[PDB]
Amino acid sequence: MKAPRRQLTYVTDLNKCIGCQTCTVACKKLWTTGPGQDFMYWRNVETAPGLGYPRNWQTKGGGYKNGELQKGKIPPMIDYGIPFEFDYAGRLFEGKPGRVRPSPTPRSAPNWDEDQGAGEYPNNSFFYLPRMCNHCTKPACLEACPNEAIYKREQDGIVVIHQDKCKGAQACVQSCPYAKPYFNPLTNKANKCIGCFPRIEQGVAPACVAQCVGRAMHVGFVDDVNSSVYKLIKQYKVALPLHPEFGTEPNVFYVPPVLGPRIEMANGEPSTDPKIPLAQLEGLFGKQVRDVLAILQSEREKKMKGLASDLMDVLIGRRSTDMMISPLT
């Protein structure tokens, strides 16, 4: 497919994500308001640990195994969640008795297990994991498509499903190990995150970055040595891709959570271990996590002693334009 001239690159600071879903709502009200897209959350935020969206997506299959394209499953509709529908008119305006129940009977939804996580009180633990298309350097969706409908933009490395060229083969759905293409059953086309390329083209950050309320999102071109994404991925090396073992070389990276309280022992007193287990983070981000957390902890400790820490200042992001392409629009 050939490398892009520049690669739009995201960093998600899990020390700062508050799981408010504003980014989920922003993307949906901008790009996925059309026919057949009601169940599609190009941007979504899942509680970790949990089932995610679609449920059990992390064992769906796809990606590459020793360089070989894998064909995973196509998630059934119930794993995404049948989008609930409601009859407000009847009850509120038309004199109909009966509560305004959701249809269907609730059993699954994109955020079903919010704030449940794992562990028993007083060592329950969870955090938030925002997700979107990773605009991979090795896009499994792109290789899979038998109609070459998916392309990777030369100017910014954004991966896009060409809606005219798509014929509904759903190989992309099978092969993306992140489950981020969604098959639209009304139009018979896959739809997915477009990296907000219309905003990028006008020098405006994507909506899930510019509208991030927690101030946890970074974006830029990784070749820009003065960008926060460069500083976090390349210089300080505290931003890791999600599930590198899928072999797609994502271009969305995560700063793991070093904030958080200690495990509480039976006598009510703290352990040195965090409530967020390292084993969970290693499951998400691989064996480099330990070393990243150490860097982060060490740099935060400098700040606690009144000393300087350029890395902490990058994550703090006192000015949004030090974290991202201009968010103003």
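Residue numbers run from 1 along the displayed sequence.
The stretch with the higher mean CA B factor, choosing between 139-147 and 120-128, is 139-147.
Per-stretch averaging of Cα B factors for 166-174 and 206-214 places 166-174 on top. Considering 181, 157, 102, 72 together, the PDB entry gives 72 the largest C-alpha B factor. Which of 279, 40, 48, 26 has the largest Cα B-factor in the deposited entry comes down to 279. Per the deposited record, the Cα B-factor of residue 96 falls in the highest third when ranked against the other modelled residues of its chain. Ranked against the other modelled residues of its chain, the C-alpha B-factor of residue 310 as given in the entry falls in the highest third. Among all modelled residues in this chain, the alpha-carbon of residue 227 has a temperature factor (C-alpha) in the middle third.
Annotation for residue 187: C-alpha temperature factor in the highest third relative to the rest of the modelled chain, per the entry. When the modelled residues of the chain are ordered by C-alpha B-factor, residue 34 sits in the middle third.
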